[PDB]
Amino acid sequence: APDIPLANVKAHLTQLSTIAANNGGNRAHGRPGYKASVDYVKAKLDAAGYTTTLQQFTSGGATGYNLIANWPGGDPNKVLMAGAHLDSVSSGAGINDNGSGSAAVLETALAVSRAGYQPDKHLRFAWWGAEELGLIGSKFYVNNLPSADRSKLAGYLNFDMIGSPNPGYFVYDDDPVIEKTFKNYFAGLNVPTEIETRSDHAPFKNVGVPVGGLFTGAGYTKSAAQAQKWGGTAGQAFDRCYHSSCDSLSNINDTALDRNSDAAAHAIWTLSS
């Protein structure tokens, strides 16, 4: 896999921050900052050669969108998916929650094209709408994916909050092959991980698609033991600005964002061979 350039990921976050500022301070479902987020991500993907789909739904009286990006080629009967919700809550720009996951997934999809990669499995990336309303966009996608296409899914990888300023390194304990691929990447860095103990992998998991993912923590408090193994501040939240107006460009730990973006690409390459 390539090394995902941290600066490229950070630059997507800067664009999402500007989009929030230009649209009432947020990127929330039913508000213009969400669709403007979608348009930015879509234009990058289209220019890199993806076949993109805007999947529209209505929730709460307002139009929502999922953005689906298929990399042409690969075995149609073995599809590997990776995704991240692209909506924020309306209190702020949602840069860690979940610009961080959205930017890592986008930069990994751009890296495929830059590398001239031809994965054996077909790759499909997704940016979900309306996750903050209760997984509405990912539930819509799974509910509208015919069973014949569901059965073609080899896995779904989810990235929701991966740049927390006081981070832990959590790996979902779901499908064993996906979990081992992420833990192998962190082992090469000599960075320990813990099992993740309510995001867009749930609708996939619940219909038997193998899932996994990465998370750096939200409102819970970092323990003494976690500060000893990962650094940071014991007794403070992993993300002190969770769902807050302060979930801004300042609310990112660059090392966590870099490690989780690189791990995302590692798993996507490994699992699509």
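Residue indices: 1-based, along the sequence shown.
Missing coordinates between residue 197 and residue 198 amount to 4 to 9 residues of the deposited sequence. Note on 231-239 vs 56-64: mean CA B-factor is higher in 56-64. Once the C-alpha B-factors are averaged per stretch, 240-248 and 220-228 rank with 220-228 first. Out of 100, 184, 88, 158, the entry records its largest CA B-factor for 184. Across the options 203, 188, 83, 163, the residue with the most elevated CA B-factor in the record is 188. Per-chain ranking of the deposited C-alpha B factor places residue 126 in the lowest third. Placement of the Cα temperature factor of residue 17 within the chain: lowest third of the modelled residues, per the deposited record. Remark: residue 118 belongs to the middle third of its chain, ranked by C-alpha B-factor as recorded. Among the modelled residues of the chain, residue 207 sits in the middle third by CA temperature factor in this PDB entry. When the modelled residues of the chain are ordered by C-alpha B-factor, residue 137 sits in the lowest third.
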